[PDB]
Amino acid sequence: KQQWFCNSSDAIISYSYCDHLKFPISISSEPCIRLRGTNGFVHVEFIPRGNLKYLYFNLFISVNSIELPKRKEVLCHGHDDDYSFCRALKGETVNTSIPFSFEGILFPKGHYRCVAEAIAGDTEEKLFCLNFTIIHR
C-alpha cells in the first residue's frame, strides 16, 4: 500500500507502512532523491504517538537480499537539538520540512529495501515504521 513515490536520474524511491506499525505519518522529499548527490528538503507531516525529545531511527537496510547490519541514526539527542520538532510532545501537530544535502558514494545497483523504525528514546516505544523501496541505476 504505497503512500508515496518519486522517480529520478537514478533512483525510484517509494514507501509503504510497515506490516506491524501503521501509525500515520506523511513524508516527502524535494527533489526526488538522486543517489549520486542531492540537496533538498524532507517534508514531514504527522502527529506523534510519543514525545520526540529523544527521537532516533533504526534502519534495516538490504541490497538484493543482503542485509546490512542494523544502522542507527539519532535526530534528537535531547539537549539543545537542531530541530524544532524535537520539542514536540505526544499528540501535537508537526509540520516542518528539513533540509538535507549529500554527495554520493558509488552504491551497487539493484533493489534496496530499508525499513525505518522511528523511536522515542525516552521510552523505546516505536513511534512509526516506514518501509521504503529503492531501485537504482
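For clarity, a rigid core is taken as the largest C-alpha set superposing within 1.5 Å between two forms. Start at 1 with the first residue shown and count on from there.
Averaged over structures and residues, the CA distance from the shown form in 5 other deposited structures of this protein after a core fit is larger for 103-111, of the two stretches 33-41 and 103-111. Look at the C-alpha B-factors of 99-107 and of 51-59. On average they run higher in 99-107.
Two stretches are in play, 42-50 and 81-89, and the higher mean C-alpha B-factor belongs to 42-50. Per the deposited record, the Cα B-factor of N64 falls in the lowest third when ranked against the other modelled residues of its chain.
When all modelled residues of the chain are sorted by CA temperature factor, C18 is found within the highest third.
When the modelled residues of the chain are ordered by C-alpha B-factor, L75 sits in the lowest third. Sorting the modelled residues of the chain by their CA temperature factor places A118 in the lowest third.
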